[PDB]
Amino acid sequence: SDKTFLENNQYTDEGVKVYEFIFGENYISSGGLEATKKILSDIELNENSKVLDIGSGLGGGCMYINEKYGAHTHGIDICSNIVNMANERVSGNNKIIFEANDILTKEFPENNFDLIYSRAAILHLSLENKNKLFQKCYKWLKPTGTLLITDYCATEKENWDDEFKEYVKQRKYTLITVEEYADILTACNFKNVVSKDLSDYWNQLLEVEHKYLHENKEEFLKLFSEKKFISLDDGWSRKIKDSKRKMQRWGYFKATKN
């Protein structure tokens, strides 16, 4: 249902390929590899670490984490077609696993992971399900483990304008404030909760991506259609405008179990 909605609309094969063109090979979220390097710059792991990636997409994050640290990485994604694409991009590596499943019904042992990592995925979850997920994450982390998240956030709903309301409604996102998000983590008894509103950084990423799209329009049109170009172009224009005024926000969260 949730699964069917995502597979048949935002994350159709063609939809993901369009996103990948602008985000970067193996990525479906902003900044691609370069942002991932920054997000993980203060994370310490090694070959004995176990990592969970919630909403693993095309697998770029898992590929990088395994490359940088040698860690065991397990990616969960609800879209079967996306997981199929991810599995075609990795071979001969028994420390990278991609699995098609709803994270809300997936079972993991308590005290299992050194790092639980998620990039631009939890926006798809209802508010009730965000709280349920972070309770599960708390159990699944080792005592010494870390939670690391980036996600779409927003200003308070009361402040949304007509265009943003419509965007959120059609995407079926649940966008909360950075502050409400941090409060959920605190309510789940995570420790050392750090939240950052990185909307300015995100704005910079979006501008680079927008410039890339325009400068490679001929290549894009060979691959796709002008209709899809216009949708992407207008989509990024709106996100640049709405991130600048913090109507749509980009949140970073890090916390520990103890």
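Position 1 is the first residue in the sequence shown; the rest follow in order.
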(request) Would you mind comparing 98 to 106 and 113 to 121 for me and telling me which has the higher average C-alpha temperature factor in the entry? (result) 98 to 106
(request) Take the C-alpha B-factors listed in the entry for 53 to 61 and for 215 to 223, compute each mean, and give the stretch with the larger one. (result) 215 to 223
(message) Could you place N26 in the lowest, middle or highest third of its chain by Cα temperature factor, using the values in the record?
(response) middle
(request) Tell me, lowest, middle or highest third: where does the Cα B factor of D233 rank within its chain? (result) middle
(request) Quick one: classify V194 as lowest, middle or highest third of the chain based on its Cα B-factor. (result) lowest
(message) Quick check on the deposited entry: does the C-alpha B-factor of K254 sit in the lowest, middle or highest third of its chain?
(response) lowest
(request) Sorting the chain's modelled residues by C-alpha B-factor, tell me whether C137 ends up in the lowest, middle or highest third. (result) lowest
